[PDB]
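Survey of secondary and tertiary structure
Single-letter residue listing:
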Amino acid sequence: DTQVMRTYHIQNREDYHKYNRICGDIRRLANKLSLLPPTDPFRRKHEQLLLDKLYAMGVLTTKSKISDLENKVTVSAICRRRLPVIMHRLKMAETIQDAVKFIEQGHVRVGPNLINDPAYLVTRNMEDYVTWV
Amino acid sequence: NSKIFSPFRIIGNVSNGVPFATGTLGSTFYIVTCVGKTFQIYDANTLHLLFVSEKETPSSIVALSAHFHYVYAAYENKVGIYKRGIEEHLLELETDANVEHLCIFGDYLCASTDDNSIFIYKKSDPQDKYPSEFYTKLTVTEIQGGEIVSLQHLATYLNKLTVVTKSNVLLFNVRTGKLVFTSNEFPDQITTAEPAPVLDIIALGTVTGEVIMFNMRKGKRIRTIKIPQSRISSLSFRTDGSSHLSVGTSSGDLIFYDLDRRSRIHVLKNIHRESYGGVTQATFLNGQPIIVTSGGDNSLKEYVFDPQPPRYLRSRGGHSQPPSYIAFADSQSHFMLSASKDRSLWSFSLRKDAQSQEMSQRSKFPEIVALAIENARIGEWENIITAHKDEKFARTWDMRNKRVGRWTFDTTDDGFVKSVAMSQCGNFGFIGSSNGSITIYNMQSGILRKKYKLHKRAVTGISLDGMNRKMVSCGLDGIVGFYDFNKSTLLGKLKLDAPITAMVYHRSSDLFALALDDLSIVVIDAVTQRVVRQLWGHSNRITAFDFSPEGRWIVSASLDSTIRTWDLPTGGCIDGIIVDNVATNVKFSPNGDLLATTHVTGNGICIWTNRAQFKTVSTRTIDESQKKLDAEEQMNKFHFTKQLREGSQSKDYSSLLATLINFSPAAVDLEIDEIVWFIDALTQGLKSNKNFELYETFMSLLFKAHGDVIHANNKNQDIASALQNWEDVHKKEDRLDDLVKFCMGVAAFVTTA
Amino acid sequence: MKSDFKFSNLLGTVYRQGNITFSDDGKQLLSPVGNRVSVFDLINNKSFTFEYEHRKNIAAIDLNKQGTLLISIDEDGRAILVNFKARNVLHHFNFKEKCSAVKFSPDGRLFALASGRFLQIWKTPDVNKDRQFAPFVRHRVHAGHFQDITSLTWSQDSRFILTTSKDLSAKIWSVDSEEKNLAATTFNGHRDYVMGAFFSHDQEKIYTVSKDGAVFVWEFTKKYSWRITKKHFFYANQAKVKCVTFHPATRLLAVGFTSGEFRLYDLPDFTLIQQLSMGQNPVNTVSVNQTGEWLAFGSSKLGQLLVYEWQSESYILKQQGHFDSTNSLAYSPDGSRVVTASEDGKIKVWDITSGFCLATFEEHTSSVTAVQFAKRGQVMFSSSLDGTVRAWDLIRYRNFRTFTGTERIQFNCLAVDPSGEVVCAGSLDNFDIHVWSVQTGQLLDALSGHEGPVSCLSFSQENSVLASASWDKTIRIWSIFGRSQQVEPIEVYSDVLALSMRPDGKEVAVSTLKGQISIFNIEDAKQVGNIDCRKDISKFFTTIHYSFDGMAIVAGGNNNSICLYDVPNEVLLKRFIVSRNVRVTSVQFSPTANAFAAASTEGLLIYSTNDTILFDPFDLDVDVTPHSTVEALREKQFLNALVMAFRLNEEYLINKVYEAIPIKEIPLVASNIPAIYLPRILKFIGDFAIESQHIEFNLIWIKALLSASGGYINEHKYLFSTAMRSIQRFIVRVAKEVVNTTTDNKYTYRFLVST
RNA sequence: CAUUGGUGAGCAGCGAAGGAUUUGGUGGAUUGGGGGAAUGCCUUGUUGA
């Protein structure tokens, strides 16, 4: 539990509860949409669109099967969509700590806008445009 | 009496030299200080202006003394009893002699006169609010004692009254009127008396530096202290256990003194102006290491013994001498910039606090003769430009940090700086020297930039239009200059009739006003290099003037004690105000609300309120020495019977058409014979050349509602005669449509082509 | 232009919380926003008083007995006084604590404020001039209570104060130290929390209401004292009575709910008259007119930003919208209607000259990014984040087409030709630009030319040139209607987001990636780069617009500021928004040359060129009297009255010198006017026309002038463009009146001939 | 050869009987998802007093 709270420089303790509720909604959506006859194109089409939008959200960066929806969607996946982890893994800063130290005091820029929030999220297609000021 | 400006308030006032007094509001304290014919009530701990009195006295305030809520002030023979700055009661001495001092104890009012007579007032009930009932009148014969110094009252002396003379002490029994005690003749004249926290001791400061701890029961000295060359003005007791004493001099120097180890510890040095009389009153509060200082120099300072010397804790003050030049700093009427002749520099607020801040100059600097201000680049570098008397370099100033600039500005011709000016963008510094050179600096990097020289006497004023394109100037040689600022090209100049003493530019209307030596105000256009007006009437020297913010008015003031206002479109003087003291300077606020005057006597800055609610006036001189609503309203998306029959008799349908045009959309009322008189009413409607836009709607709604009874199944009854009466006049009104087709199509063609 | 531009309107009504009340006149609506106070008049909504000393965004508001005094209270406890036209008469920090309610007398003598655990009543100042440092005088104060005072009620005697308290109780106060009936007797027994009390206007029924729906009735028997008369117990209604107001008709009750519905009742009958639903969003407060004819109730900030006006015979008088933070604005070709784009995905039309909320369109699935009119006045194209664009015509209210066709989730910039043939949209996440013929939605081409996200697009009035600014330091120019394509330039600097076109096809304005805003022509001669965008309470360049006369541009970023510039270098004027916690996101320029717009997160537009300022155009005062010399030229020389009194500019003169000259004189006047005194009078007629009823009179003027100098305004364009638009809207809005009704008396005479 | 980085001694100039850097306290104004029962609970029916 608090392993996740300490790995990714979470400024709070509430954020693990919130992302736990969102991932719970995704799992119960997966189970309810799972229990249909598998030739019903309702199930195929809606699980397909759920796959494609979860491609775009960067959570399932891995190209996926259906059964990954039970398997990989955790809190830590969406926590790896937080800004300084994108910053570190894009090899700008040196630690996650120092990335959060830079976003606390305004040197980081996504697009044309200043950022000062350590809970802004990035897509799989907005992270091309990250620079400094 | 005035038709533009109204007397609003004075700002910048802290003290005048009258002794302040301390009051108790529950557990905290307040201070009662005099200014003139108006007093102020401050916090004792954090120094906020808590009250200003509502109404000025006829004459100057002499004695001030207070109780739990009741501030008592003195003038000619009247005692003003006020609460919260508002009068409860006016209680007058039955004489004409001037009131000197007041002592208020128990239920009595003790009123000293200048003729050595004292009046005694009483309450009715011991739970009443103030004394108002006469009790008696005592006198001081000069065979019993000299002139009355002051009035005090020592505690637990039932009905005894302490009246000290310049020689001896008279102790009275006011209920009976007796003189129960007289003291023997003292060597030196007494100027200071003060009660003690213990019984029966009263302190006496002599004319020389002698302190006398006198006892009232036995009548003998206990201790005296000699201070060489000191005129004692004030005594008080720090009763926080630390039994000390302060002794005030007339020099502004203050002796903080230890009474049992017998130690000269401290002296405050020109904390109050010896020129203004030095320390007027110094008082300890009861029970805290706090002493309050006020003098004649328009400032209160709190000195507290940090637990051992005291310390400057917090204070409020202003220019001790009356001001020389002011300016408005903001476009929101908040902070004003003020410079005087006692060489200080203060930035005041205008708002309800009356907090203010003296600038940072970091033995004072020479006084300012020419000031200029811009508020375009605040916070980044300096934006205030000041000259000085008999100097050759103009200093700069920051409005943000309240601190002095970092640049000195040279004339480069060995003259005196006679005029300063800034552009609108705040990049440039214009300086005009008394030998006639106009030099131009950067305001950012403090560097020399550019130099012009056309005038051959002292350049008395420079300005620049808001577009930074055309540069105007004026000399003592009657020459007005007109330049390009983008180039160094020499565009055009004018010869006039007199030397020019002042120049104030108005930027959003592109005019300027010049004050000549022939006592006339000339108004000159800036664009076409042309004189447009010349105004006469001030009998003496024009001193200061300013444009109103919307550029319609000019207000000048002069040594004929007149303050006149001059409407530019009519060329005529619209109002003068004839005052009793002649104001040095005047400026409009950038908002259209406030007019600022600075005077010769007194230190404050008087503020005037522009009325700006109305007027239609132009009066003069010398005196005492909808159309969518109905047409959208008709399409519905979701008695009166006397008049039409009286119109059945004659042609009275104008009142009926008035009750049609008045109110009540009558789509149900025209449905409750009579239709013929309705159509004749309508033909009287078209007969006049008005309100056709409602009338056509009446006609068409009539053909919407009753259109079957109009039709009569098979027409040409007497209905159709009234329709025939409507037809030809409706053919008369056919003309207006083709004009609309003409303008619509031709305007469409000039839109296309 | 030099004029004093200042706020005297706002963009849509209620964004924020507060009280609400009418005037005593019944024709003036008092409906604040959080930041300022917007008092409409009920017929033809306009804007009267505009205070701003509010540092905090809540109001408490009431007028005395004729509307000559208005207050407004925010959270801190300072108030501000205005009389009729926002003089800002008095100003007064009143309290270090907040206020719950403010109430006048019907007599204007006493003054009522509820705060803390006390109750303040003040002696009211009359209207005068200023000259009071502290104008308010304390009359009495009353101690005490047990906790907070939440509602307040005044009586007709001006002797009798009924006030509730937070501790489930009510109290009575005699004003003039009378001790009315020698009793200030409490009211108890209430099981639940008290939301209000009322005193009836016949002095015999004392009224209380609780939060549950309970209502308790006490009598004026003071056997001897208070007895209950009618009780209730509600357990199944299961909401909370949020607000309550009582009729001056003294027969009826009004009860507002958190559940989102509107209750009406009778006082001693307890009959259910009507209840009405409007949503689920809670009712904040409700107040009735002084005659019971009109009802108005306000809705809370997080819920509806909507205030309705329902009558007792059940029809809604004023309905409205006014939703949240705004993306985009554009002026219609008639200078009267203004589109808005909201975040929740609607498109609303605002008639901001008159305060109506006219009409809506709702087909968006998410937020709207771009709106712009076509020059025909027929159609307007909306762009979304829906992944498609669509067309709209005005009062046919019908969707023409919805262009899309490549797989896409984001569009960001929409622009059309003046020709109405082709519509282009720029994908924020494709490196390409899309066109569509409006005939079909056929795809002509896909014009591949960029290397970054394309982010701003506009056309020209020459209409052979496409201006294409992408976010890769590269400005591009395109040909669409020839038989080839083109070479596209390179910027020097600083990634651009904001592009703005001159209406000539000859000038292009760009916003560089800092405070420098720069311009260059279509032969890339860079004229000016201009200095930063100040006023922090980082720096940006978001929107920019070229004014219509061709002499000014307006810059707006996201830093509480907006700047004016001319074609040369100079900073003209910087206006700005004061409030406390982006603001600006879009700015465009009116075709009436009277004002322009700035889309803010608050929502605030107007600039309003006025004429109260003394301008001296051509040596005004050599014409020494504006009165007597003009009086000489009303008797003689009517050519010289125009040139004389026209150099003068008292608006209180132009009505009479313009009216008084005779009809036959007019073509002689217009044939002999100078060509330099022409545009200010052509602009004067175009805005004086819309007010009066002198249609024949002004129409023979515009016949004379437009008949006079047609070729001169044909060649000397771009000012009589603005004036000509201003007169053409008057021509069409009168033509569609009198042609309609003159037709409606053109059928009649031959309809008589029928049978 | 690059008045190239570190370091020290002098000179022109600027100022005069004190100058340059650094820091503490103090006052004024501003700032949860998937499964499950015994046991327990909840709901409902019942059995005897």
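Cut-offs used in this document
Residues numbered from 1 in each chain as written, not as in the entry; some residues may be left out. Chains lettered and ligands numbered in written order. Part of a larger assembly, values for the part shown. Heavy atoms only, no water. Helix = DSSP H or I, 4+ residues; strand = E, 2+ residues; numbered from the N terminus. Buried < 20%, exposed > 50% of the residue type's maximum accessible area, 1.4 Å probe, protein only. Contact = heavy atoms within 4.5 Å. Areas by Shrake-Rupley, 256 points an atom, 1.4 Å probe, with all protein chains shown as cover. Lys, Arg positive; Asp, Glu negative; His and termini not counted. Charge placed at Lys NZ, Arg CZ, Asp CG, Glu CD. Buried area = accessible area lost by both parts, 1.4 Å probe. Salt bridge = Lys/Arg side-chain N within 4 Å of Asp/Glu carboxyl O. Polar contact = N/O pair within 3.5 Å; in protein donor to acceptor, adjacent residues only side chain to side chain. Nonpolar A, V, L, I, M, F, W, Y, C, P; charged D, E, K, R; others polar. Pairing = 2+ DSSP bridges. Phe/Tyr/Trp six-rings, centres within 6.5 Å; stacked < 30°, edge-to-face > 60°. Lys NZ or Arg CZ within 6 Å of the ring centre and 35° of its normal. Core = buried A, V, L, I, M, F, W, Y, C linked by side-chain atoms within 4.5 Å. Axes fitted to C-alpha atoms, helices over the stretch in contact; angles between N-to-C directions. Left-handed = near helix turned anticlockwise from the far one by under 90°. Near = heavy atom within 4 Å.

Structure determination for this entry is recorded as cryo-EM, at 4.5 Å resolution.

With respect to the overall build of chain A
Scanning chain A from terminus to terminus reveals 7 helices and 3 strands. Each helix and strand of chain A, placed in order from N terminus to C terminus, yields the pattern α-α-α-α-α-α-α-β-β-β. A principal-axis box enclosing the C-alpha atoms of chain A has dimensions of 55 × 30 × 20 Å. Residues classed as buried in chain A amount to 35% of the 133 residues present. When contacts within chain A are restricted to residue pairs at least 6 apart in sequence, long-range pairs at least 24 apart make up 48% of them. Accessible surface, chain A as shown: approximately 8,900 Å² in total, 54% of it carbon and sulfur. Considering chain A, the positive charge centre built from 22 side chains and the negative charge centre built from 15 side chains are found 3 Å apart.

Things to note about the overall build of chain B
If you tally the helices and strands in chain B, you get 7 helices and 55 strands. Considering only C-alpha atoms, chain B reaches an extent of 130 × 80 × 50 Å along its principal axes. Taking all 753 residues of chain B together, the buried fraction comes to 52%. Between the averaged position of the 82 positive side-chain charges in chain B and that of its 82 negative side-chain charges there is a distance of 8 Å.

A look at the interface of chain C and chain A
Taken together, the contacts link 6 residues of chain C with 6 residues of chain A. Taken as a group, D429, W471 and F540 of chain C account for 56% of the area that chain C buries against chain A, more than any other trio of residues on that side. Our count for the contact surface shared by chain C and chain A stands at 0 salt bridges. The tally of links from chain C across to chain A stands at 0 residue pairs in polar contact. Taken together, the residues of the side of chain C that touches chain A break down into 4 nonpolar, 2 polar and no charged.

Topic: the pattern of salt bridges
A full pass over the atoms with the stated rule returns 44 salt bridges over all chains. For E570 of chain C, the salt bridge is made with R469 of chain B, and the minimal N-O distance between the two is 2.9 Å. A residue pair is termed interchain when its members come from two chains, as with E570 of chain C in the loop between strand 44 (562–566) and strand 45 (571–575) and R469 of chain B in the loop between strand 41 (459–464) and strand 42 (470–475). Residue class for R469 of chain B comes out partly exposed when judged on its relative accessible area of 31%. When salt bridges that share partners are traced, they join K56, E75, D76 and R78 of chain C into one network.

Side note on the pairing of strand 20 (residues 283–288) of chain C
Extensive coverage of strand 20 of chain C is indicated by the burial of 6 of its 6 residues. Where strand 20 of chain C folds back onto strand 21 (residues 294–299) of chain C in an antiparallel hairpin, the turn is made up of 5 residues, including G292 of chain C, whose phi is positive at roughly 75°.

Regarding the interface of chain B and chain C
Taken together, the 69 residues of chain B in the interface contact 63 residues of chain C. Here chain B and chain C share an interface that buries about 6,200 Å² over both sides, 56% of which is from carbon and sulfur atoms. One can count 4 salt bridges joining chain B with chain C. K2 of chain C is paired through a salt bridge with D510 of chain B; the nearest N and O atoms lie 3.5 Å apart. In this assembly, chain B and chain C are joined by 16 residue pairs in polar contact. Of all the elements in the fold, those that place two or more residues in the side of chain B that touches chain C are strand 1 (5–11), strand 5 (49–52), strand 48 (531–535), strand 55 (605–610), helix 5 (692–705), helix 6 (718–732) and helix 7 (736–752) of chain B. When residues in the side of chain B that touches chain C are grouped by element, the largest group, 12 residues, is from helix 7 of chain B. Split by residue class, the side of chain B that touches chain C holds 30 nonpolar, 19 polar and 20 charged.

A closer look at the packing of aromatic side chains
Considering all chains together, one arrives at 47 aromatic pairs over all chains under this definition. Between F233 of chain C and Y235 of chain C, the aromatic rings sit 5.9 Å apart at their centres with planes inclined by 5°, giving stacked as the arrangement. When the centroid spacing of 5.8 Å and the interplanar angle of 40° are considered together, the rings of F361 of chain C and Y397 of chain C count as tilted. You can see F361 of chain C sitting in strand 26 (residues 356–361) and its partner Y397 of chain C sitting in the loop between strand 29 (389–393) and strand 30 (399–403), a full 36 residues away along the chain. With a relative accessible area of 7%, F361 of chain C lands in the buried category. Positioned over the ring face of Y135 of chain B is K122 of chain B, at 4.5 Å from the centre of the ring.

A look at the nonpolar core
With 58 residues, the main nonpolar core has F545 and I554 of chain B together with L682, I685, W701 and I702 of chain C as its most contacted residues. In terms of residue count, the dominant contributor to this core is helix 6 (residues 695–708) of chain C (7 residues). In this structure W701 of chain C touches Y658, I661, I666 and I685 of chain C, once residues within four positions along its chain are discounted. If you look at the next biggest cluster of nonpolar residues, it comprises 22 residues, including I31, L49, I326 and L350 of chain B.

Some details on the arrangement of the chains
For the 2 pairs of chains in contact, the largest share of contacts goes to chains B and C. Kept free of each other, chain A and chain B leave a smallest C-alpha distance of 22 Å between them.

Description of the packing of helix 7 of chain B against helix 8 (residues 720–743) of chain C
Axis separation between helix 7 of chain B and helix 8 of chain C bottoms out at 10 Å; the angle between their running directions is 145°. For the element pair helix 7 of chain B and helix 8 of chain C, the recorded crossing hand is left-handed. Contacts between helix 7 of chain B and helix 8 of chain C involve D737, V740, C743, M744, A747, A748, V750 and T751 of chain B from the first element and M724, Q728, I731, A735 and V739 of chain C from the second. Classifying every residue of the contact of helix 7 of chain B with helix 8 of chain C gives 10 nonpolar, 2 polar and 1 charged.

Concerning the protein's contact with RNA strand D
As a matter of local geometry, RNA strand D sits amid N20, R21, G24, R27, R28 and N31 of chain A together with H48, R311, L313, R314 and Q355 of chain B. Counting only the atoms of RNA strand D that lie within 4 Å of the protein, the sugar and phosphate share comes to 88%. Take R311 of chain B: an N or O atom from its side chain is 2.9 Å from a sugar or linking oxygen of RNA strand D. Between RNA strand D and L313 of chain B there is a distance of 2.3 Å, counted from a sugar or linking oxygen to a backbone nitrogen or oxygen. Of all the secondary-structure elements, those providing two or more residues to the surface near RNA strand D are helix 2 (14–34) of chain A together with strand 28 (311–317) of chain B.

With respect to the pairing of strand 35 (residues 454–459) of chain C
Regular strands place their side chains on alternate faces of the sheet. Burial analysis of strand 35 of chain C places 5 of its 6 residues in the buried class, the great majority of the element. Hairpin connection between strand 35 of chain C and strand 36 (residues 466–470) of chain C: a loop of 6 residues separates the two successive antiparallel strands, and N463 of chain C in this loop has a positive phi of roughly 65°.

Topic: the side chain of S367 of chain C
Residues and elements named next belong to chain C. Along the chain, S367 falls in the loop between strand 26 and strand 27 (368–373). A polar contact is formed between the side chain of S367 and the side chain of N327, at a distance of 3.0 Å. Not counting the four nearest positions on each side in its chain, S367 is found in contact with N327, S342, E343, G345, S384 and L385.

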